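One line per chain: the protein sequences are A and B, in this order. Going by this note's numbering, the first residue of the first sequence is number 706, and it counts up by one from there. Going by this note's numbering, the first residue of the second sequence is number 706, and it counts up by one from there. Structure first, then comments.
Protein chains: 2
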Amino acid sequence: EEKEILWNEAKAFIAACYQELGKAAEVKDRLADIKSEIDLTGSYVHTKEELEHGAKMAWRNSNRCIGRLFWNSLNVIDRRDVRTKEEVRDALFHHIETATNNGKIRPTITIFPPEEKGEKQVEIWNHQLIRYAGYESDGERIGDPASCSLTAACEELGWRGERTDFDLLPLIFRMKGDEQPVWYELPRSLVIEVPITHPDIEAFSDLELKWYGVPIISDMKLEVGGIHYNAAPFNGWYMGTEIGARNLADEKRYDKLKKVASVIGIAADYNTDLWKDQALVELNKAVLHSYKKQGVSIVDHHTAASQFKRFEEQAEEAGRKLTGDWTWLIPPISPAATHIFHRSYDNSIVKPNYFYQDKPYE
Amino acid sequence: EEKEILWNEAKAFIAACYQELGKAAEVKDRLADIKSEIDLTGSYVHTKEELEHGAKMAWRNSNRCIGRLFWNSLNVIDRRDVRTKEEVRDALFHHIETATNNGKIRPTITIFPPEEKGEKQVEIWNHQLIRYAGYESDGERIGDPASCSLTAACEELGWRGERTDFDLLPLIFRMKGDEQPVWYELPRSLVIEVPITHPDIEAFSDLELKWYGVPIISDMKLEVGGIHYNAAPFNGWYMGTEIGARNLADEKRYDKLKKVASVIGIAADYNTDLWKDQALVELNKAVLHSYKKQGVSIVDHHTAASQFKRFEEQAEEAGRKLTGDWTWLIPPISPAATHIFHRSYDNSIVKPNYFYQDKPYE
Ligand code: HEM
Ligand code: HEM
Ligand SMILES: Cc1cc(N)nc(CCc2cncc(CCc3cc(C)cc(N)n3)c2)c1
Ligand SMILES: Cc1cc(N)nc(CCc2cncc(CCc3cc(C)cc(N)n3)c2)c1
Ligand SMILES: C[C@H](O)[C@H](O)[C@H]1CNc2nc(N)[nH]c(=O)c2N1
Ligand SMILES: C[C@H](O)[C@H](O)[C@H]1CNc2nc(N)[nH]c(=O)c2N1
Ligand SMILES: [Cl-]
Ligand SMILES: [Cl-]
């Protein structure tokens, strides 16, 4: 019946995929082959065309992503051939280099071997391939609180962070058949970072803020036609509010709004002064300016929502229903200044798609 | 069976109301009386205590309101005695005067006779008792677009607006048995308005903006224990974002952000400059400053969310489940700077409550 779930998902995906690719006449023969393959082996293997179009459909179906206009130009790297930890490590280094593209970011996904019987072949422990460490030791908070748990697990395995506020975590992943994950320090030449400065306020550099160029999510499973690719990291470029309203501003993250208020010269004393809102706007302006100045791709939330509107129009023109999660699509600053705020969205789950999965620590 | 819906809602309300009022032993006798009264007359009449506590429960159950901490201090005015249009007009003038309270706003509801067999006794055409007119005549837009339809209906009945951007609409309501509503101009001495100025930027007054002091909603039905009070206007004080992010900023309302940008001296040319977000913050700061300076009650969205957090805590302490609509509770500026953004809310409908109802025009 697990086998039954597979065939049913398989029928649905192939029919849809081949219809979109102009190959509907080949559906019959392909499903035949697949049915025999499940019969004998307990699974089936995607063609390169299937896998590529499946990852692109999965992005197109991600209800929580404002960035979907560009779903059809996803760069897909097929690494179902990897068998060793060195090959996995090298494929991850490669994804970083090719996605970064000297700052002109290319949306990319690298796909590793799928689960076999719910049994992972490769288990990545990172939440993003590039992320900062976090520490908490009797009172003292250093770095990114969101990474405390993973940082502690790494330090169990013999790594030691320098305890700056921006230590890069090592890649950490376990292979099927190994008891402990291995880890590898990232080579700094592969990692672009951006110092945060403000276009008008010189003192803003006194805060000594920075962020990394490319968010490479490695904590989600790609599901395509009943095959579960648990290890399949993917990246876009940032929308500036993710850095300036959330990573740098949230009280449970870097918590910088009182420091931002002080450097832009406003009091942080009275709710009615709206100092938090003012500080959020100047911090977000600094983040966009800084990425643009350094030649690293980024989009502001107004341009992003306009692109998303085109995505909605495109879907209607193609006869496809649109699904979305309004609570994630609205940006955290000036949401009502976007068209998204003023309409509603059907939050149904459609596959192929990406699904969150929790880590072995945690 | 309509009679059956009534008794069932009646049983539920009395039991709950009397439990909260420490009167649970009187439930049996009261329900008995009520059952006979429905038997004979097709309905029942609330005691003054029931009606007052019911309106207060209905506020406490309004999922979309961030202001519910103060539900138990609602001022309830019982006007189930009115029979003429002059009495209705005078009760509405009175609500304005007593709610305004010289600027120290008192949350108030005036309750008129309920529907009898779905038959209204009094039908108020206004959406708020104080609101600005709107006009559109081949290209030319004047005043509040949200009021175009109602403004046109009034001008059918012989009223004529001066066609400023801030004409006050007349009260307009129909009585049972009359074919046409009547209308009455508001006396300006009852209506507080606030000129919008900025605490730091002198030029802001060049925009010649103003808003009215008190939002008095007259477009909703109060439902209490199966009795439908369609005419029951109620007011709070404003949260500043309602004026500055929505009434004055929205493209389909007064649409002032490009004018705000020009007067605060920033360019309105590039999405990445975040000029809309900057203009929204300065406009919202001006609205709070201006209401405070004039001595008219208002709350900022940060203080409001903190009060709402106390409302959540109070509900837990009392053993009551909390219901809310996250999509309306988050403020339209800096939503993620409030605790509301970071939790989830059960959007179930609980009665007594307030329910939207559409107008005869429209
Ligand atoms: C190309 C530029 C891209 C931008 C600007 C963009 C923007 C975003 C943003 C702003 C979010 C919400 C984050 C939050 O509010 O917490 C998000 C979520 C998401 N995006 Fe995109 N995205 C892009 C590319 C991609 C790509 C290439 C994929 C996959 C192939 C993807 C899949 C998703 C998914 C699955 C989520 C939900 C993540 C979760 O539940 O934790 N996005 N995106
Ligand atoms: C005392 C100060 C009050 C404040 C600051 C307040 C604040 C607000 C705000 C900000 C909204 C959302 C408006 C929007 O985003 O579109 C709202 C909605 C609402 N409030 Fe309150 N409120 C207060 C008092 C009251 C009172 C006294 C009642 C009734 C007795 C009430 C019942 C409601 C209802 C029913 C809605 C939903 C309206 C709709 O669906 O159109 N509120 N409130
Ligand atoms: C490809 C991509 C591009 C982009 N610009 N942003 C994103 C958003 C990434 C992102 C960053 N911080 C936090 C999250 C949420 C993490 C998260 C956590 C939990 C518990 C569940 C769940 N579904 N998701 C997501 C992804
Ligand atoms: C008592 C009260 C106090 C306060 N500070 N704000 C409010 C919000 C009033 C308000 C103002 N503009 C617009 C709306 C929404 C009107 C509205 C329209 C439709 C179609 C449905 C529906 N449920 N509601 C509500 C009410
Ligand atoms: C249904 C959809 O979410 C709709 O556009 C809502 C958005 N949330 C809202 N939130 C508030 N505060 N006021 C509104 O009028 C609306 N309309
Ligand atoms: C379930 C609840 O709405 C939750 O707090 C959400 C709020 N919406 C969100 N929106 C974004 N963009 N990112 C998040 O991580 C969350 N968490
Ligand atoms: Cl991030
Ligand atoms: Cl209003």
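All residues carry an ideal CB built from backbone N, CA and C; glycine is no exception.
Is there at least one Cβ from chain B nearer than 8 Å to residue i's Cβ?
i, result
"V827/A", "no"
"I739/A", "no"
"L985/A", "yes"
"residue 1113/A", "No statement about residue 1113/A is possible, as the shown extent of chain A runs from 706 to 1067 and does not include it."
"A1042/A", "yes"
"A950/A", "yes"
"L1034/A", "no"
"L774/A", "no"
"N806/A", "no"
"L953/A", "no"
"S995/A", "no"
"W864/A", "no"
"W916/A", "no"
Relative to the C-alpha of residue i, which candidate in the options has its C-alpha closest?
i, options, result
"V899/A", "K728/A, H933/A, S748/A and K998/A", "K998/A"
"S967/A", "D1030/A, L1027/A, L985/A and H1007/A", "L985/A"
"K990/A", "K957/A, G949/A and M880/A", "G949/A"
"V992/B", "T813/B, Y723/B, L1027/B and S910/B", "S910/B"
"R811/B", "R951/B, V919/B, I877/B and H994/B", "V919/B"
"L895/A", "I801/A, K1014/A, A1041/A and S995/A", "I801/A"
"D744/B", "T856/B, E947/B and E706/B", "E706/B"
"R951/A", "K981/A, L756/A and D924/A", "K981/A"
"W776/A", "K822/A, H751/A, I1038/A and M762/A", "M762/A"
"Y975/B", "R794/A, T1008/A and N806/A", "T1008/A"
"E828/A", "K822/A, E709/A, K881/A and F1013/A", "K881/A"
"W830/B", "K733/B, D924/B, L726/B and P892/B", "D924/B"
"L891/A", "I906/A, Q885/A and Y917/A", "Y917/A"
"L834/B", "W712/B, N940/B, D883/B and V781/B", "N940/B"
"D905/A", "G970/A, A858/A, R784/A and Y943/A", "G970/A"
Along the chain, where does the alpha helix (DSSP H) that runs through residue i open and close?
i, result
"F798/A", "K790 to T805"
"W864/A", "Where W864/A is concerned, there is no enclosing alpha helix (DSSP H), given that its DSSP letter is neither H nor E."
"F1046/A", "No alpha helix (DSSP H) contains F1046/A, which DSSP labels as neither H nor E."
"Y975/A", "It is not in any alpha helix (DSSP H) - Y975/A carries neither H nor E in the DSSP assignment."
"residue 668/A", "Absent from the model: residue 668/A. The displayed extent of chain A is 706 to 1067, so no value can be given."
"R879/A", "It is not in any alpha helix (DSSP H) - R879/A instead sits in the beta strand (DSSP E) that spans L876 to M880."
"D734/B", "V732 to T746"
"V992/A", "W980 to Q999"
"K708/A", "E707 to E725"
"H751/A", "Segment: none, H751/A is in no alpha helix (DSSP H) and carries neither H nor E."
Output needed for residue i: all residues of its chain with C-beta closer than 8 Å, excluding positions within five of it in sequence on either side, in chain order.
i, result
"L912/B", "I901, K961, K964, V965 and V968"
"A1010/B", "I771, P1036, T1043, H1044 and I1045"
"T1028/B", "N766, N768, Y1050, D1051, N1052, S1053, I1054 and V1055"
"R735/B", "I719 and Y723"
Go to residue i, then tell me how far its beta strand (DSSP E) extends in each direction, as first and last residue.
i, result
"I969/A", "Segment: none, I969/A is in no beta strand (DSSP E) and carries neither H nor E."
"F1016/A", "Segment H1006 to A1023 is the alpha helix (DSSP H) holding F1016/A; no beta strand (DSSP E) there."
"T815/B", "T813 to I816"
"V781/B", "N780 to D783"
If you drop the 5 nearest sequence neighbours on each side, which residues of the same chain put their C-beta closer than 7 Å to that of residue i?
i, result
"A908/B", "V968"
"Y749/B", "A715, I739, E742 and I743"
"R794/A", "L876 and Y889"
"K809/A", "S1002"
"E824/B", "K881"
Near residue i, which residues of its chain fall below 6 Å by C-beta distance, leaving aside the five closest residues on each side in sequence?
i, result
"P1065/A", "none"
"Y934/A", "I816, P819 and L927"
"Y996/B", "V899 and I1003"
"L774/A", "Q1012, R1015 and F1016"
At the 8 Å Cβ level, is residue i part of the contact set with chain A, yes or no?
i, result
"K981/B", "yes"
"residue 1072/B", "Chain B is shown from 706 up to 1067; residue 1072/B falls before or after that span and cannot be answered."
"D1051/B", "no"
"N976/B", "yes"
"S967/B", "no"
"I814/B", "no"
Item to complete: Tell me the start and end of each unbroken beta strand (DSSP E) in the segment 889 to 935 of chain B that is at least 3 residues and wholly inside, in chain order.
Response: 898 to 900, 915 to 917, 925 to 929 and 932 to 934
Worksheet item: Which runs of the alpha helix (DSSP H), 4 residues or longer, sit entirely within the segment 825 to 861 of chain B?
Response: 853 to 861
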